[PDB]
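Residues per chain, in single letters:
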Amino acid sequence: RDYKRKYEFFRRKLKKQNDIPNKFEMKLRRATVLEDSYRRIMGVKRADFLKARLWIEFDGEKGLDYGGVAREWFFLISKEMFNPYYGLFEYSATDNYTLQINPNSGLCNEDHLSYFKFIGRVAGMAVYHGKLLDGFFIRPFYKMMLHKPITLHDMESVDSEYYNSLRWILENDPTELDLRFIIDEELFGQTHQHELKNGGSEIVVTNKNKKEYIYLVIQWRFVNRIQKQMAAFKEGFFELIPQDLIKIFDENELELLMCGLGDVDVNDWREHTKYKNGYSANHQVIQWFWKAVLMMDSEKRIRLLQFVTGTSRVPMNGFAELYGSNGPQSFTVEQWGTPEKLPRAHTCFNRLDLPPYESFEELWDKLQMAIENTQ
Amino acid sequence: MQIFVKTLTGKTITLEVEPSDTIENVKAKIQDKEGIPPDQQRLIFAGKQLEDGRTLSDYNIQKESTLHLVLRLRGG
(Lines give C-alpha, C1' and ligand atoms only; values in the text may rest on other atoms or scores of the structure.)
Protein backbone atom coordinates (compact mmCIF):
# COMPACT_ATOMS: atom_id res chain seq x y z
CA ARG A 1 0.00 0.00 0.00
CA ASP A 2 1.47 3.32 1.13
CA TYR A 3 4.06 4.55 3.64
CA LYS A 4 2.06 5.06 6.83
CA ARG A 5 1.09 1.38 6.69
CA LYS A 6 4.63 0.10 6.18
CA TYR A 7 5.96 2.22 9.05
CA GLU A 8 3.50 0.73 11.54
CA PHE A 9 4.35 -2.76 10.29
CA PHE A 10 7.99 -1.73 10.56
CA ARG A 11 7.99 -0.42 14.13
CA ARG A 12 5.87 -3.43 15.02
CA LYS A 13 8.33 -5.90 13.48
CA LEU A 14 11.17 -4.27 15.43
CA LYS A 15 11.87 -6.77 18.21
CA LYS A 16 12.19 -5.21 21.65
CA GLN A 17 15.07 -6.58 23.71
CA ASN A 18 14.32 -8.31 27.01
CA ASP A 19 17.91 -8.95 28.05
CA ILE A 20 18.82 -5.29 28.45
CA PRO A 21 18.62 -2.42 30.98
CA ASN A 22 15.49 -0.24 30.91
CA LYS A 23 17.60 2.75 29.90
CA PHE A 24 20.72 3.71 27.97
CA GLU A 25 22.58 6.39 29.90
CA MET A 26 24.65 9.17 28.31
CA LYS A 27 26.37 12.06 30.10
CA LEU A 28 27.40 14.50 27.38
CA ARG A 29 28.81 18.00 26.99
CA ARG A 30 27.60 20.09 24.04
CA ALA A 31 31.08 21.53 23.43
CA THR A 32 32.30 17.98 22.78
CA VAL A 33 29.17 16.03 21.80
CA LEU A 34 31.01 14.32 18.96
CA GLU A 35 33.89 12.83 20.94
CA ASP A 36 31.68 12.31 24.00
CA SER A 37 29.01 10.50 22.00
CA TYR A 38 31.62 8.59 20.01
CA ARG A 39 33.42 7.20 23.05
CA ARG A 40 30.25 6.32 24.96
CA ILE A 41 28.49 4.59 22.07
CA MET A 42 31.57 2.99 20.48
CA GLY A 43 32.46 1.77 23.97
CA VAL A 44 29.60 -0.71 24.06
CA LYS A 45 30.28 -4.03 22.34
CA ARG A 46 26.65 -5.19 22.29
CA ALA A 47 24.56 -2.77 20.22
CA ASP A 48 21.43 -4.20 21.87
CA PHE A 49 22.07 -1.92 24.85
CA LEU A 50 21.38 1.00 22.51
CA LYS A 51 17.79 -0.17 22.11
CA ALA A 52 17.05 0.78 25.73
CA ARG A 53 15.17 4.01 26.35
CA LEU A 54 17.58 6.88 25.75
CA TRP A 55 18.54 8.68 28.96
CA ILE A 56 20.69 11.64 27.93
CA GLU A 57 21.96 14.53 30.05
CA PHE A 58 23.80 17.55 28.64
CA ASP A 59 26.20 19.41 30.92
CA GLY A 60 24.65 18.01 34.10
CA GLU A 61 21.19 19.32 33.26
CA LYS A 62 18.56 17.22 35.02
CA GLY A 63 14.79 16.86 35.22
CA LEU A 64 14.21 17.54 31.53
CA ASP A 65 11.98 15.35 29.38
CA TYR A 66 14.01 12.42 28.05
CA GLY A 67 12.45 12.63 24.59
CA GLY A 68 13.12 16.35 24.31
CA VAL A 69 16.77 15.85 25.20
CA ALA A 70 17.13 12.88 22.85
CA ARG A 71 15.66 15.01 20.07
CA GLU A 72 18.29 17.66 20.71
CA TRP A 73 21.13 15.14 20.74
CA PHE A 74 20.20 13.73 17.33
CA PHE A 75 20.24 17.31 16.06
CA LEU A 76 23.55 18.23 17.71
CA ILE A 77 25.39 15.04 16.81
CA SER A 78 24.11 15.25 13.23
CA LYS A 79 25.62 18.72 12.86
CA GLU A 80 28.98 17.27 13.91
CA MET A 81 29.06 13.89 12.15
CA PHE A 82 28.01 15.53 8.90
CA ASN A 83 30.44 18.42 9.23
CA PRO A 84 32.61 18.26 6.07
CA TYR A 85 35.47 19.69 8.13
CA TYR A 86 36.19 16.17 9.42
CA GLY A 87 36.42 14.64 5.95
CA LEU A 88 33.93 11.87 6.66
CA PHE A 89 31.06 13.28 4.62
CA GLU A 90 30.99 16.07 2.04
CA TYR A 91 28.48 18.05 -0.02
CA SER A 92 27.57 16.28 -3.27
CA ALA A 93 28.24 19.33 -5.46
CA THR A 94 28.72 23.10 -5.50
CA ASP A 95 25.67 24.87 -4.07
CA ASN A 96 24.12 21.50 -3.20
CA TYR A 97 23.12 20.44 0.31
CA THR A 98 22.92 16.63 0.03
CA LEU A 99 25.69 14.68 1.77
CA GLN A 100 27.90 11.96 0.31
CA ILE A 101 30.74 9.86 1.70
CA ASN A 102 34.13 11.46 1.16
CA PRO A 103 36.12 8.89 -0.84
CA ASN A 104 39.29 10.31 0.73
CA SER A 105 38.12 9.84 4.33
CA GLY A 106 41.19 7.80 5.21
CA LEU A 107 43.48 10.67 4.25
CA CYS A 108 41.70 13.12 6.56
CA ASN A 109 41.48 10.77 9.54
CA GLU A 110 42.88 7.27 10.03
CA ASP A 111 40.05 6.44 12.43
CA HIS A 112 37.41 7.23 9.78
CA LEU A 113 36.11 3.66 9.52
CA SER A 114 35.15 3.38 13.18
CA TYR A 115 33.52 6.81 12.99
CA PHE A 116 31.50 5.58 10.01
CA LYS A 117 30.30 2.63 12.08
CA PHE A 118 29.52 5.20 14.76
CA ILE A 119 27.43 7.37 12.42
CA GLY A 120 25.72 4.16 11.31
CA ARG A 121 24.87 3.25 14.89
CA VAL A 122 23.52 6.75 15.49
CA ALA A 123 21.47 6.52 12.29
CA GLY A 124 20.18 3.17 13.50
CA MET A 125 19.36 4.51 16.95
CA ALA A 126 17.47 7.34 15.26
CA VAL A 127 15.26 4.93 13.32
CA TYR A 128 14.86 2.55 16.26
CA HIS A 129 13.75 5.27 18.68
CA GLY A 130 11.56 7.05 16.14
CA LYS A 131 13.79 10.11 15.87
CA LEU A 132 15.44 11.79 12.87
CA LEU A 133 18.88 12.84 11.65
CA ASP A 134 19.38 16.43 10.55
CA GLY A 135 20.73 16.14 7.02
CA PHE A 136 20.02 14.46 3.70
CA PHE A 137 22.19 12.00 1.78
CA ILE A 138 22.43 11.64 -1.99
CA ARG A 139 19.93 9.14 -3.42
CA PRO A 140 22.61 6.56 -4.33
CA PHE A 141 23.43 6.47 -0.60
CA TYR A 142 19.94 5.24 0.22
CA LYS A 143 20.05 2.82 -2.71
CA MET A 144 23.26 1.28 -1.38
CA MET A 145 21.62 0.77 2.00
CA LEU A 146 18.83 -1.12 0.23
CA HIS A 147 21.57 -2.85 -1.75
CA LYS A 148 20.26 -1.53 -5.07
CA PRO A 149 22.42 -1.07 -8.20
CA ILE A 150 23.73 2.38 -9.12
CA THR A 151 23.06 3.21 -12.77
CA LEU A 152 23.62 6.22 -15.02
CA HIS A 153 20.26 7.83 -14.22
CA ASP A 154 21.22 7.96 -10.54
CA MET A 155 23.88 10.46 -11.56
CA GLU A 156 21.40 13.12 -12.67
CA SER A 157 20.08 14.05 -9.22
CA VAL A 158 23.64 14.31 -7.91
CA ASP A 159 25.84 15.74 -10.66
CA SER A 160 23.70 17.08 -13.51
CA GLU A 161 26.77 18.05 -15.55
CA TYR A 162 28.59 14.72 -15.17
CA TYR A 163 25.37 12.94 -16.07
CA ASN A 164 25.07 15.01 -19.26
CA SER A 165 28.73 14.47 -20.13
CA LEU A 166 28.11 10.72 -20.00
CA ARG A 167 24.81 11.11 -21.84
CA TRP A 168 26.76 12.62 -24.72
CA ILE A 169 29.27 9.77 -24.92
CA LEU A 170 26.36 7.34 -24.83
CA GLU A 171 24.72 9.09 -27.80
CA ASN A 172 27.82 9.91 -29.86
CA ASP A 173 30.96 8.31 -31.30
CA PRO A 174 33.69 9.47 -28.88
CA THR A 175 36.50 7.52 -30.60
CA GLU A 176 38.15 10.57 -32.16
CA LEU A 177 38.34 12.41 -28.82
CA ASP A 178 40.94 9.85 -27.70
CA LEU A 179 39.45 9.34 -24.23
CA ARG A 180 41.17 6.75 -22.04
CA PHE A 181 39.94 4.50 -19.22
CA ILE A 182 41.18 6.86 -16.53
CA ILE A 183 39.92 9.81 -14.49
CA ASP A 184 41.72 12.77 -12.91
CA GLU A 185 40.97 14.02 -9.41
CA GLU A 186 42.56 16.93 -7.57
CA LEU A 187 43.16 16.43 -3.87
CA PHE A 188 44.97 18.71 -1.42
CA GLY A 189 46.84 20.70 -4.06
CA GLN A 190 47.60 17.62 -6.12
CA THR A 191 46.31 15.67 -9.11
CA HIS A 192 45.72 11.92 -9.24
CA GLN A 193 45.34 9.73 -12.32
CA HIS A 194 43.00 6.85 -11.47
CA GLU A 195 42.63 3.62 -13.44
CA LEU A 196 39.05 2.54 -14.14
CA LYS A 197 40.62 -0.80 -15.07
CA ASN A 198 43.97 -2.55 -15.54
CA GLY A 199 46.04 -0.61 -18.07
CA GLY A 200 43.26 1.94 -18.36
CA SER A 201 45.76 4.65 -19.27
CA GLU A 202 46.17 2.88 -22.62
CA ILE A 203 42.66 1.66 -23.46
CA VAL A 204 40.90 4.15 -25.73
CA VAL A 205 37.16 4.78 -25.41
CA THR A 206 35.31 3.84 -28.60
CA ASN A 207 31.75 3.14 -29.69
CA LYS A 208 32.20 -0.54 -28.90
CA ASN A 209 33.38 -0.17 -25.31
CA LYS A 210 31.87 3.14 -24.20
CA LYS A 211 29.07 1.27 -22.44
CA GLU A 212 31.68 -0.36 -20.21
CA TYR A 213 33.33 3.02 -19.78
CA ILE A 214 30.11 4.61 -18.52
CA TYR A 215 29.34 1.81 -16.06
CA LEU A 216 32.86 2.00 -14.63
CA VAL A 217 32.76 5.78 -14.17
CA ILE A 218 29.49 5.41 -12.28
CA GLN A 219 30.88 2.80 -9.90
CA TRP A 220 34.07 4.80 -9.33
CA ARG A 221 32.03 7.91 -8.54
CA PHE A 222 29.57 6.28 -6.15
CA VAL A 223 30.49 2.72 -5.15
CA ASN A 224 34.09 1.50 -5.50
CA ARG A 225 36.09 4.24 -3.78
CA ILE A 226 33.75 4.39 -0.78
CA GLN A 227 33.45 0.63 -0.35
CA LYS A 228 34.94 0.23 3.15
CA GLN A 229 33.25 3.38 4.49
CA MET A 230 29.73 2.41 3.42
CA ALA A 231 30.28 -1.09 4.83
CA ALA A 232 31.24 0.35 8.23
CA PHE A 233 28.14 2.53 8.19
CA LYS A 234 25.85 -0.34 7.19
CA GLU A 235 27.39 -2.54 9.88
CA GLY A 236 26.50 0.03 12.52
CA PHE A 237 23.05 0.76 11.16
CA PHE A 238 22.14 -2.91 10.79
CA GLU A 239 23.13 -3.59 14.40
CA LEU A 240 19.87 -1.85 15.29
CA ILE A 241 17.65 -2.13 12.22
CA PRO A 242 17.44 -5.55 10.52
CA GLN A 243 18.70 -5.20 6.94
CA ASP A 244 16.07 -7.60 5.62
CA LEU A 245 13.32 -5.57 7.30
CA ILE A 246 14.24 -2.22 5.78
CA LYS A 247 14.02 -3.68 2.27
CA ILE A 248 10.28 -2.96 2.33
CA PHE A 249 11.04 0.72 1.74
CA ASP A 250 12.28 2.42 -1.41
CA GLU A 251 14.97 5.12 -1.52
CA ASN A 252 12.39 7.88 -1.00
CA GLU A 253 10.57 6.26 1.93
CA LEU A 254 13.89 5.37 3.53
CA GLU A 255 14.99 9.01 3.40
CA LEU A 256 11.76 10.00 5.13
CA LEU A 257 12.29 7.29 7.75
CA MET A 258 15.68 8.50 8.95
CA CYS A 259 16.01 12.14 7.87
CA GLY A 260 14.17 15.38 8.64
CA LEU A 261 13.69 17.89 11.45
CA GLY A 262 12.60 17.04 14.99
CA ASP A 263 11.24 20.29 16.41
CA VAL A 264 9.69 23.34 14.72
CA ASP A 265 10.94 26.89 14.14
CA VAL A 266 8.39 29.04 16.01
CA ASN A 267 9.37 32.23 14.16
CA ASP A 268 8.76 30.49 10.84
CA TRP A 269 5.61 28.83 12.18
CA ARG A 270 4.30 32.24 13.25
CA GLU A 271 5.20 34.20 10.13
CA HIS A 272 3.17 31.88 7.91
CA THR A 273 0.01 31.54 9.99
CA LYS A 274 -3.34 32.87 8.79
CA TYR A 275 -6.11 34.17 11.08
CA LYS A 276 -9.89 33.93 10.71
CA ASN A 277 -13.02 35.46 12.26
CA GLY A 278 -11.56 38.58 13.87
CA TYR A 279 -8.16 37.31 14.99
CA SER A 280 -4.93 38.87 13.77
CA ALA A 281 -1.21 38.86 14.52
CA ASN A 282 -1.75 41.67 17.02
CA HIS A 283 -4.97 40.39 18.61
CA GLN A 284 -4.37 39.93 22.35
CA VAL A 285 -5.49 36.30 22.28
CA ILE A 286 -3.13 35.51 19.42
CA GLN A 287 -0.24 37.20 21.21
CA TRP A 288 -1.02 34.91 24.14
CA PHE A 289 -1.15 31.88 21.86
CA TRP A 290 2.29 32.56 20.37
CA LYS A 291 3.62 33.37 23.83
CA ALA A 292 2.30 29.97 24.90
CA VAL A 293 3.94 28.17 21.98
CA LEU A 294 7.09 30.13 22.81
CA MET A 295 7.33 28.87 26.40
CA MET A 296 6.39 25.28 25.60
CA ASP A 297 9.21 22.74 25.47
CA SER A 298 10.11 20.77 22.34
CA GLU A 299 7.74 17.97 23.33
CA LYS A 300 4.76 20.25 23.94
CA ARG A 301 5.21 22.20 20.69
CA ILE A 302 5.17 18.99 18.65
CA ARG A 303 2.11 17.70 20.49
CA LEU A 304 0.40 20.94 19.47
CA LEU A 305 1.50 20.63 15.85
CA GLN A 306 0.04 17.12 15.90
CA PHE A 307 -3.20 18.21 17.56
CA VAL A 308 -3.82 20.69 14.74
CA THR A 309 -2.28 18.91 11.75
CA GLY A 310 -2.70 15.25 12.70
CA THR A 311 0.95 14.56 11.91
CA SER A 312 3.88 15.40 14.17
CA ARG A 313 6.48 15.81 11.41
CA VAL A 314 7.20 19.28 10.01
CA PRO A 315 7.13 19.89 6.24
CA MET A 316 10.54 20.98 4.95
CA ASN A 317 10.88 24.44 3.40
CA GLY A 318 8.89 25.74 6.37
CA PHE A 319 5.22 26.54 6.98
CA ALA A 320 5.09 28.72 3.87
CA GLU A 321 4.55 25.45 2.03
CA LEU A 322 2.20 23.68 4.44
CA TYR A 323 -0.34 21.23 3.01
CA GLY A 324 -3.81 20.14 4.05
CA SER A 325 -5.76 17.02 3.08
CA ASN A 326 -6.65 18.80 -0.17
CA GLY A 327 -4.14 21.28 -1.56
CA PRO A 328 -1.79 23.69 0.23
CA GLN A 329 -3.57 24.61 3.47
CA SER A 330 -1.73 27.18 5.59
CA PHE A 331 -1.75 26.98 9.40
CA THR A 332 -4.88 28.76 10.58
CA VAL A 333 -6.18 30.05 13.91
CA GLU A 334 -9.84 31.10 13.97
CA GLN A 335 -11.92 32.66 16.74
CA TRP A 336 -14.63 30.22 17.82
CA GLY A 337 -16.83 29.39 20.80
CA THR A 338 -16.87 30.71 24.36
CA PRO A 339 -14.16 30.62 27.09
CA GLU A 340 -16.03 27.68 28.67
CA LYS A 341 -15.15 25.43 25.72
CA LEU A 342 -11.86 23.69 25.01
CA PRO A 343 -10.11 24.52 21.73
CA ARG A 344 -10.94 22.21 18.83
CA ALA A 345 -8.94 21.35 15.71
CA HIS A 346 -9.72 20.38 12.13
CA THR A 347 -6.62 18.51 10.95
CA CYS A 348 -7.88 18.59 7.35
CA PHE A 349 -7.66 22.39 7.27
CA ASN A 350 -4.76 22.64 9.73
CA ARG A 351 -7.06 24.89 11.73
CA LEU A 352 -7.30 25.58 15.46
CA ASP A 353 -10.62 26.86 16.78
CA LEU A 354 -9.41 29.07 19.61
CA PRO A 355 -11.99 30.59 22.00
CA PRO A 356 -11.34 34.20 23.16
CA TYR A 357 -9.86 33.34 26.56
CA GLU A 358 -9.45 36.21 29.04
CA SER A 359 -5.91 35.48 30.25
CA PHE A 360 -2.67 33.77 29.22
CA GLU A 361 -2.92 31.28 32.09
CA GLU A 362 -6.44 30.29 31.03
CA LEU A 363 -5.38 29.89 27.40
CA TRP A 364 -2.53 27.67 28.59
CA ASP A 365 -4.67 25.33 30.69
CA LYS A 366 -7.49 25.07 28.14
CA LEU A 367 -5.18 24.47 25.18
CA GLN A 368 -3.10 22.00 27.17
CA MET A 369 -6.18 20.12 28.36
CA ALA A 370 -7.59 19.83 24.82
CA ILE A 371 -4.26 18.46 23.58
CA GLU A 372 -4.04 15.99 26.46
CA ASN A 373 -7.60 14.72 25.97
CA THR A 374 -6.98 13.46 22.43
CA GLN A 375 -3.82 11.66 23.58
CA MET B 1 53.43 37.39 2.44
CA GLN B 2 49.93 36.12 1.67
CA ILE B 3 48.87 32.47 1.85
CA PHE B 4 45.49 30.75 1.70
CA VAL B 5 43.88 27.89 3.60
CA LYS B 6 41.09 26.05 1.79
CA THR B 7 38.62 24.06 3.90
CA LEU B 8 36.75 20.88 2.95
CA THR B 9 33.61 23.02 2.67
CA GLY B 10 35.16 25.13 -0.07
CA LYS B 11 35.67 28.19 2.14
CA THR B 12 38.99 29.88 1.39
CA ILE B 13 40.77 31.70 4.22
CA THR B 14 43.46 34.35 3.81
CA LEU B 15 46.35 34.74 6.24
CA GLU B 16 49.07 37.37 6.53
CA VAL B 17 52.21 35.54 7.61
CA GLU B 18 56.01 35.45 7.37
CA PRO B 19 58.06 32.60 5.82
CA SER B 20 59.74 32.23 9.22
CA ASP B 21 56.47 31.40 10.97
CA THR B 22 56.17 27.89 12.40
CA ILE B 23 53.19 25.63 11.72
CA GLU B 24 52.19 26.24 15.33
CA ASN B 25 51.83 29.91 14.42
CA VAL B 26 49.62 29.47 11.37
CA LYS B 27 47.30 27.24 13.41
CA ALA B 28 47.19 30.10 15.91
CA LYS B 29 46.51 32.70 13.22
CA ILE B 30 43.76 30.41 11.93
CA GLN B 31 42.31 30.12 15.42
CA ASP B 32 41.88 33.89 15.70
CA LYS B 33 40.19 34.19 12.30
CA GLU B 34 37.96 31.10 12.20
CA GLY B 35 37.76 30.33 15.92
CA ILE B 36 39.22 26.83 15.87
CA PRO B 37 41.40 25.37 18.65
CA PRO B 38 44.82 24.73 17.04
CA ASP B 39 45.02 21.28 18.67
CA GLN B 40 42.22 20.19 16.34
CA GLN B 41 43.83 21.44 13.13
CA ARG B 42 45.55 19.36 10.45
CA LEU B 43 47.39 21.30 7.74
CA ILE B 44 48.12 19.75 4.35
CA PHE B 45 50.52 21.11 1.74
CA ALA B 46 51.21 19.18 -1.46
CA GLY B 47 49.58 16.08 0.02
CA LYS B 48 51.75 16.29 3.13
CA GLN B 49 50.68 16.98 6.71
CA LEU B 50 52.49 19.96 8.25
CA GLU B 51 54.19 19.62 11.64
CA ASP B 52 53.90 22.27 14.36
CA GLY B 53 57.68 22.57 14.70
CA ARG B 54 58.87 23.38 11.18
CA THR B 55 58.39 26.74 9.46
CA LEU B 56 56.68 27.57 6.17
CA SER B 57 59.98 27.93 4.30
CA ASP B 58 60.86 24.47 5.63
CA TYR B 59 58.12 23.13 3.35
CA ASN B 60 59.02 25.60 0.62
CA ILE B 61 55.73 27.43 1.07
CA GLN B 62 55.63 30.84 -0.60
CA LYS B 63 53.06 33.57 -1.21
CA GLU B 64 49.88 32.72 -3.14
CA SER B 65 50.43 29.12 -2.02
CA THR B 66 47.53 27.11 -0.61
CA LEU B 67 47.34 24.99 2.54
CA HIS B 68 44.50 22.58 3.29
CA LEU B 69 42.67 22.44 6.63
CA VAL B 70 41.20 19.26 8.09
CA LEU B 71 39.56 18.84 11.50
CA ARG B 72 41.06 16.13 13.68
CA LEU B 73 39.12 13.08 14.82
CA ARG B 74 40.58 11.92 18.13
CA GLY B 75 39.63 8.27 17.61
CA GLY B 76 41.15 5.86 20.11
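Residues numbered from 1 in each chain as written, not as in the entry; some residues may be left out. Chains lettered and ligands numbered in written order. Heavy atoms only, no water. Residues with missing side-chain atoms left out of burial classes, pairs and counts.

In the PDB archive, X-ray crystallography is given as the structure determination method for this entry, at a resolution of 2.68 Å.

**A few points about the UniProt feature "active site" in chain A**
All names here are of chain A. Those places that UniProt annotates as "active site" correspond, in this numbering, to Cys-348. Within the secondary structure, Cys-348 is located in the loop between β9 (344–346) and β10 (351–354). Look past the residues within four positions of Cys-348 in its chain and what remains in contact with it is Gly-324, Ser-325 and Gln-329. (UniProt positions renumbered as here; feature names shortened; annotations may be inferred. Helix = DSSP H or I, 4+ residues; strand = E, 2+ residues; numbered from the N terminus. Contact = heavy atoms within 4.5 Å.)

**Quick notes on the packing of aromatic side chains**
Residues and elements named next belong to chain A. Scanning the model with the defined rule gives 26 aromatic pairs over all chains in all. Here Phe-82 and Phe-137 contribute two aromatic rings whose centre-to-centre distance is 5.3 Å and whose plane-to-plane angle is 90°, an arrangement assigned as edge-to-face. Of the two residues, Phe-82 is situated in the loop between α3 (66–81) and β3 (89–91) and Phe-137 in the loop between α5 (112–128) and α6 (139–145); the sequence distance between them amounts to 55 residues. In this structure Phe-137 comes out as buried when scored by relative accessible area, which is 2%. Residues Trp-269 and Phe-331 carry aromatic rings whose centres are separated by 5.2 Å and whose planes lie at 75° to one another, so their mutual orientation is edge-to-face. Pair noted here: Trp-269 is in helix α11 (residues 266–271) and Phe-331 is in strand β8 (residues 331–335), with a separation of 62 residues, a long-range link. Above the plane of the ring of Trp-55 lies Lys-27, whose end atom (NZ or CZ) is 4.5 Å from the centre. Geometry around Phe-181 places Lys-197 over its ring, the cationic atom sitting 5.6 Å from the centre. (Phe/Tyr/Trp six-rings, centres within 6.5 Å; stacked < 30°, edge-to-face > 60°. Buried < 20%, exposed > 50% of the residue type's maximum accessible area, 1.4 Å probe, protein only. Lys NZ or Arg CZ within 6 Å of the ring centre and 35° of its normal.)

**Regarding the packing of helix α2 (residues 33–43) of chain A against α3 of chain A**
All names here are of chain A. At a closest axis distance of 9 Å, the pairing of α2 and α3 adopts a crossing angle of 105°. Considering their axes alone, α2 and α3 lie roughly perpendicular with respect to each other. Across the interface between the two elements, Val-33, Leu-34, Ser-37 and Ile-41 of α2 pack against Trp-73, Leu-76, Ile-77, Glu-80 and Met-81 of α3. Of the residues in the contact of α2 with α3, the class split is seven nonpolar, one polar and one charged. (Axes fitted to C-alpha atoms, helices over the stretch in contact; angles between N-to-C directions. Parallel < 35°, antiparallel > 145°, perpendicular 65-115°, else oblique. Nonpolar A, V, L, I, M, F, W, Y, C, P; charged D, E, K, R; others polar.)

**Things to note about a nonpolar patch on the surface**
Residues and elements named next belong to chain A. Together, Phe-75, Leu-261 and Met-316 give the surface a local cluster of nonpolar side chains, amounting to about 230 Å² of exposed area. By the element assignment, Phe-75 lies in helix α3. What makes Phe-75 partly exposed here is its relative accessible area of 37%. (Patch = residues over 30% accessible without salt bridge, like charges linked within 9 Å, V, L, I, M, F, W, Y side chains within 5 Å. Areas by Shrake-Rupley, 256 points an atom, 1.4 Å probe, with all protein chains shown as cover. Salt bridge = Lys/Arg side-chain N within 4 Å of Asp/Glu carboxyl O.)

**Section: the pattern of salt bridges**
Residue and element names in this part refer to chain A. Per the counting criterion, the structure on display carries 32 salt bridges over all chains. A salt bridge links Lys-148 to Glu-251; its shortest N-O distance comes to 3.2 Å. On the criterion of sequence distance, the pair formed by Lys-148 in the loop between α6 and α7 (160–171) and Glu-251 in helix α10 (residues 251–258) is long-range, its members being 103 residues apart. Judged by relative accessible area, which is 33%, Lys-148 ranks as partly exposed. According to the relative accessible area criterion, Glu-251 is buried, its value standing at 12%. Between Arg-167 and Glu-171 there is a salt bridge; the shortest N-O distance is 4.0 Å. Here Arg-167 and its partner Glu-171 are both found in helix α7, four residues apart, which amounts to about one turn of the helix.

**Brief notes about the domain arrangement of chain A**
Under the domain assignment used here, chain A contains domain 1 (1–147 + 226–261), domain 2 (148–225) and domain 3 (262–375). If you average the C-alpha positions of domain 2 of chain A and of domain 3 of chain A, the two centres end up 53 Å apart. (Domains from an automatic or database assignment.)

**A few points about the packing of helix α12 (residues 284–294) of chain A against helix α14 (residues 360–373) of chain A**
Residues and elements named next belong to chain A. The N-to-C vectors of α12 and α14 enclose an angle of 60°; their axes lie 9 Å apart at closest approach. By the angle class used here, α12 and α14 are oblique. Crossing of α12 over α14 shows right-handed handedness. Across the interface between the two elements, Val-285, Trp-288, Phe-289, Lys-291 and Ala-292 of α12 pack against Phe-360, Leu-363, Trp-364 and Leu-367 of α14. Grouping the amino acids of the contact of α12 with α14 by side-chain chemistry returns eight nonpolar, no polar and one charged. (Left-handed = near helix turned anticlockwise from the far one by under 90°.)

**So, the pairing of strand β3 (residues 41–45) of chain B**
All names here are of chain B. With five of five residues buried, β3 is to be regarded as a mostly interior element. Strand direction decides the pairing type here: β3 and strand β5 (residues 66–71), joined by four bridges, are antiparallel. Bridge pairing links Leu-43 to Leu-69 in β5. One ladder, built from two bridges, connects β3 with strand β4 (residues 48–49); its direction is antiparallel. Within β4, the residue paired with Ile-44 across the bridge is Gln-49. In this antiparallel pair of consecutive strands, β3 and β4, the connection spans two residues, and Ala-46 shows a positive phi of 55°. (Pairing = 2+ DSSP bridges.)

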